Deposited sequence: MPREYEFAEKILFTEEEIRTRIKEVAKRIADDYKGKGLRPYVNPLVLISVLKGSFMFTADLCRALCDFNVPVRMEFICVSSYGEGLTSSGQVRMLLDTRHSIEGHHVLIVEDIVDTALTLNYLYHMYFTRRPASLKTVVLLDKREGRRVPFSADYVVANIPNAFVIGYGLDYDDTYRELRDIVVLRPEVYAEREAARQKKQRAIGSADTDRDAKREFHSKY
């Protein structure tokens, strides 16, 4: 599809759907010998709002396909604004994130929950800007790698806009300037 504010398309929703199916395939095998079951010992997807909402709805669906018992958790940051509802102490957790850049965020999340003692703590990210860490972090599961660029859609946003896009696209440079200043 083509857009007005996109400098170029990155990941079409078809390619995306494909990369997700695949990763959930890897996830599925990796916890095979883990005695995961509904109710008692399911895979706890701790998803981070609001940028992984799309990723999480599609990926959790990728996992039912591989018959993977899962628990949905939603937490928010901006600061901790919404924490987990139920405990992850003695559970396998999957911190679902949208994109790792500086990693300053996921590192914080990881340890916090790491000090929460789950049976194991792993991370899936939809998009990963490997070339920009301000600090070391390695996602366990990665759908796609992207260069240091501002991308929107598939849940991803600029000022809480362009999230509902079906595709991952690049925000035209002369569009964020064009608004960032109208802002700041």
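Novice: Where are the holes in the model when you compare it to the deposited sequence?
Specialist: Gaps vs deposited seq, in order: 1-2, 81-92, 199-221.
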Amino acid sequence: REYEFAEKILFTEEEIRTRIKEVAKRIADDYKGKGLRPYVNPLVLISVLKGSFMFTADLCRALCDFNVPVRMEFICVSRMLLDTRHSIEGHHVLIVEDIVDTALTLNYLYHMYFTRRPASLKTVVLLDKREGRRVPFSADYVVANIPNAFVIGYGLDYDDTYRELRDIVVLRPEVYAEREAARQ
From here on, numbers count along this sequence of modelled residues.
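Novice: Can you tell me whether 90-98 has a higher mean C-alpha B factor than 109-117 in this record, or the other way round?
Specialist: Taking the mean B-factor of the alpha carbons in each, 109-117 is higher.
Novice: Would you determine, from the values in the PDB entry, which of 61-69 and 142-150 has the greater average C-alpha temperature factor?
Specialist: On average, C-alpha B-factors are higher across 142-150.
Novice: Quick one: classify residue 56 as lowest, middle or highest third of the chain based on its Cα B-factor.
Specialist: As the PDB entry reports it, the C-alpha B-factor of residue 56 lands in the lowest third of its chain.
Novice: By its CA B factor, does residue 170 count among the lowest, middle or highest third of the modelled residues in the chain?
Specialist: For residue 170, the deposited C-alpha B-factor lands in the middle third.
Novice: Per the entry's values, where does residue 43 land by CA temperature factor relative to the rest of its chain, in the lowest, middle or highest third?
Specialist: As the PDB entry reports it, the C-alpha B-factor of residue 43 lands in the highest third of its chain.
Novice: Within this chain, which third does the Cα B-factor at residue 19 fall in: lowest, middle or highest?
Specialist: Answer is highest: the recorded C-alpha B-factor places it there.
Novice: Using the B-factor values recorded in the entry, state whether the Cα atom of residue 30 falls in the lowest, middle or highest third among the modelled residues of its chain.
Specialist: Lowest third, going by the recorded CA B-factors of the chain.
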